[PDB]
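Working notes, structure below.
All Cβ positions, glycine included, derive from the backbone under ideal geometry; neighbour counts span all protein chains shown. Read-outs: derived from the displayed coordinates by stated rules, not from any lab.
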Amino acid sequence: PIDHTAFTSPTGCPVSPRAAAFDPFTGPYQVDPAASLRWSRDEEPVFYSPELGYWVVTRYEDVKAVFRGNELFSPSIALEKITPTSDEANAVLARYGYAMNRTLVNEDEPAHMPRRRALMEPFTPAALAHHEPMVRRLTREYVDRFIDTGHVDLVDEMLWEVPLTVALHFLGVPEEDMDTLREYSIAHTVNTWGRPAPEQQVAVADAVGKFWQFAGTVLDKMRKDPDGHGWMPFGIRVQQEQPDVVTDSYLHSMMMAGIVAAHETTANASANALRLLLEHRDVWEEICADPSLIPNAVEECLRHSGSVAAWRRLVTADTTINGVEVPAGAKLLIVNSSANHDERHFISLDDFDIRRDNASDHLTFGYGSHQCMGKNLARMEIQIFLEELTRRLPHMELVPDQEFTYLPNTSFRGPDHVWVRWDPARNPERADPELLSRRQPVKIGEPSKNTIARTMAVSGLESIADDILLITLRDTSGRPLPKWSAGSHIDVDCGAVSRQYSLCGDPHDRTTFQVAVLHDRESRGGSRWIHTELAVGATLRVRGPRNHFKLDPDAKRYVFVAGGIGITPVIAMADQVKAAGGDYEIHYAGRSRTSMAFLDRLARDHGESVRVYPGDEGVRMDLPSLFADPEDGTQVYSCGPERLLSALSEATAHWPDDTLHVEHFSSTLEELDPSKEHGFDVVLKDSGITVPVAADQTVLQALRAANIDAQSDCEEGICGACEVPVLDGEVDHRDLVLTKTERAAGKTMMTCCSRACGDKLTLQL
Ligand code: HEM
Ligand SMILES: Cc1cc2nc3c(=O)[nH]c(=O)nc-3n(C[C@H](O)[C@H](O)[C@H](O)COP(=O)(O)O)c2cc1C
Ligand code: FES
């Protein structure tokens, strides 16, 4: 028989050599788990492992599919200890009378979701903004102790400690009470996910029992100051609001559950990223140049080298997973580390590419119902760790010929030590001391696609009209800029905000972009900043050309009407048409000829074809005359203040439907007024959850309330950064970016202002 020849799975099927040689505790999976299962991604995506007791799942679609089906794959076993707790160690636990409830990571439905939704808000990026000064304080309090040595183990002296303290601060525990809770804070990787000796088991049960009853007093102490900062005081108020949802046992569990979910995973992530970066030192020095790429950098590290090598689910019914039959009761080892390295979803994957537009898809934080709530707390934490160490010690390198040891376990991965040298005298810090007052705002919660950007340099500022600059933006990389058609714009960070400005430069010049910003007399801050505090030699983050003002090139004729600074996109459209060799007519109005940019440019070219109508002299553009009656072929693109765009739309109402195209520089909306608006449900098919949107609530607000990744720049319906695909349902379109045909197809929606017409929509999210 075959049982005389090879091992057999619990389903009676034979087991492969490579599958039976799988060991998560030693050898190839401890050195590099992702590479150690390359053979499984290629030829056997799902197998039974004899060494450990689980079925192993290796490819990214599959382990994402396990995360979403939370009815079929239960997190019951999420922190089940690999080897069982001995009678001795249970007796030690019982002596402190410790009884922890399953707290969000183990909880099945229907208990898990109400507790997650109730306890979610402090984890959102908006709520985390309060804690950003605290982590910057703690990150530096540590680094300046070893700053002058030129030699440190980052792990023990910096990265093992800091995530523990901020977790205590995130939880809301008094600083008086913190130093002991840390004394009782220990590593759990080998005791939960490894093969510990009986002595190890008890030493954990002793430290965990000590911590359980001390945290019991701490909860009683803060029990009567509920209205203060922290997750636990936030938890107390929901108890009075929902006494059955949130129980005295639960927040006592929430005390330990909180900082064991937060300490080692973040420390290991920090250590991995620093080891991973100091291995490719060119990309290290890139981060040292500008810290603008830190946010996506830490995302590529989390994909490439996460703190979670694998995770676990309990199969609840007989299923098949990618052709392999899996029985009810089977335990799954879903290798997040292999998933992050699956060629079917990422491309050139074992490459460490921090500008990767794909990093955000890694499963290091999990996926779906139980996705890590503190992911943005950890994202912020890593980002600041990695800005201070790139700011102060860019001349830091790894001690060569260094061997990195990682504790034998199935799920957690982080070096025992990372040893780094640097030249102490050479710190940029001691000659500055200006770099420290520099603080870069955290950017968390946004997908990697929406945060990729080129940091260009300003090579020249030219005044071409009153209150109008012409900015010349140079790419410092040296590598050529994208091709862009007329009407295209860019999103440039004007200080703490981003604005978009059309491109009026030369397209055939592909070492530069040119924009002509106007000083808005009533300026919410973006236009002022450019005029008031930008000089030559600065560098601005600028996110590649998009275009909502594209021209159909097969039209008979183009007549362009332009008001004020609306001259910028049209003049590039005028240039395309002169190149084509096509009839066009351009009409340019403005308050004053002195304040009308590009008349010089408009005189040297298109001068035979331009007519000017400056207001100050008194010659005005009367659209009624111009568009008195149409012609079949003529199209009209136009851009300027809303008053002329509106009035023009009136004058061109006589014409065929697709005749007029406009680009708005301002937004109309809005008034929310739920009274006129109805709530609905939005379900996220990829994630496998339904988020409710209230009448007073935008779709965008509900997504960030579930801490789903989203980027929003304008939220006035004008910029386009919040677009997301619609699989089902018809949408109440309220943006100004999508063409009336794009709104018809219903394939897409703007997260911040558009809604449902109706009861539900399905989004690819
Ligand atoms: C980079 C460091 C971190 C990694 C790699 C990580 C990974 C995870 C993973 C894989 C899960 C389970 C996912 C699932 O079963 O869908 C998880 C659940 C969780 N994480 Fe983390 N996490 C980190 C930092 C944190 C921090 C700092 C907190 C804040 C205290 C945190 C709070 C949680 C909570 C509360 C859950 C359970 C939520 C639920 O099951 O609804 N995590 N985390
Ligand atoms: C030359 C120029 C081009 C602009 N192009 C666009 C654009 O293509 N899309 C857009 O939404 N806004 C555009 N704007 C408007 C700006 O984004 C912004 O609202 C304006 O300059 C004022 O910023 P502030 O009110 O924050 O000071 C443009 C403004 C200027 C001066
Ligand atoms: S955020 Fe710019 S359109 Fe929604």
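Mind putting together the pair-distance distribution for segment 557-664? All Cα pairs, 10 Å bins, whole percent per bin, short to long.
With a bin width of 10 Å, the distribution comes to 15, 50, 32, 3.
Could you work out the pair-distance distribution P(r) of the chain from its alpha-carbon pairs, with 20 angstrom bin width and percents rounded to whole numbers?
The percentages, shortest bin first, are 14, 42, 31, 11, 1, 0.
How big is D for segment 300-438, in µm² s⁻¹ as a whole number, if Stokes-Einstein is applied with the Kirkwood radius of its Cα pairs at 20 °C and 1.002 mPa s?
117 µm²/s
At most 12 other Cβ atoms within 10 Å and a DSSP loop assignment: could you name the trypsin sites (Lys or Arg not before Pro) in segment 500-549 that fit?
Answer in residue order: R521, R524.
Arranged from highest to lowest average of other beta-carbon atoms within 10 Å per residue, in what order do the peptides 735-744, 444-453 appear?
In descending order of packing, they fall as 444-453, 735-744.
Expressed as an acute angle from 0 to 90° and rounded to the nearest 10, what is the orientation of the C-alpha long axis of helix 231-241 relative to the principal long axis of the chain?
Computed tilt is about 90 degrees.
Karplus couplings for segment 750-765 from phi (6.51 cos²θ - 1.76 cosθ + 1.60, θ = phi - 60°), rounded to Hz, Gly and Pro as x?
Per-residue couplings from phi come out as 9, 5, 8, 10, 6, 9, 7, 8, x, 9, 7, 9, 10, 10, 6, 7 Hz.
Label points 7 Å out from Cα along the Cβ direction at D432 and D23: separation in nm?
So the two model labels end up 4.8 nm from each other.
Quick one: if you stick a label point 7 Å off each Cα along the C-beta vector at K221 and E286, how many nm between them?
Roughly 4.7 nm, to one decimal.
For a quick check of your reading of the filter: which GluC sites (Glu not before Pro) in segment 360-465 sit in a DSSP loop and have no more than 10 other Cβ atoms within 10 Å?
Taking segment 360-465 and a limit of 10 other Cβ atoms within 10 Å, the loop GluC sites (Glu not before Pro) found are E403, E434.
Output wanted: per-residue J couplings in Hz (rounded whole) for segment 697-709, from phi through Karplus 6.51 cos²θ - 1.76 cosθ + 1.60, θ = phi - 60°, x for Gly and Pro.
After applying 6.51 cos²θ - 1.76 cosθ + 1.60, I find 10, 6, 4, 4, 4, 5, 5, 5, 6, 8, 6, 8, 5 Hz.
If you average the alpha carbon positions of segment 109-128 and of segment 584-618, how far apart do those two centres end up, in angstrom?
Centre-to-centre distance over Cα atoms comes out at 57 Å.
Pull out a ≥ b ≥ c, the square roots of the eigenvalues of the alpha-carbon gyration tensor of segment 1-111, then state rounded if a/c is under 1.5, prolate if not and a/b is larger than b/c, and oblate in the remaining case.
Prolate.
Classify segment 99-248 from the C-alpha gyration tensor, please: rounded if a/c falls under 1.5, else prolate or oblate depending on whether a/b exceeds b/c.
Here segment 99-248 falls in the oblate category.
On alpha carbon coordinates alone, what is the Rg over Rh value for segment 569-623, Rh being the Kirkwood radius?
Over the Cα atoms of segment 569-623, Rg/Rh equals 0.98.
Just want the answer: with Cβ charges of +1 for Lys and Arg and -1 for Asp and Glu, which residue in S477, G209, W311 is farthest toward the dipole's positive end in the chain?
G209
Let me spell out the model: positive unit charges on the Cβ of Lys and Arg, negative unit charges on the Cβ of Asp and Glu, origin at the Cα centre of the chain. What dipole size does that give, in debye rounded to 20?
Dipole of the chain, to the nearest 20 debye: 220 debye.
Where does each of 257-267, 126-136 land if you order them by average Cβ count within 10 Å, highest first?
257-267, 126-136
Compute the Cα gyration tensor for segment 453-546, then decide on rounded, prolate or oblate, letting a ≥ b ≥ c be the square roots of its eigenvalues: rounded whenever a/c is under 1.5, prolate when a/b is larger than b/c in the other cases, and oblate in all that remain.
prolate
For the chain, what proportion of DSSP beta bridges, expressed in % and rounded to the nearest 5, is antiparallel?
Among the beta bridges of the chain, antiparallel pairing accounts for roughly 65 percent.
Counting residues in segment 674-763 as N, plug N into 2.2 N^0.38 Å and put the Cα Rg over that result.
0.98
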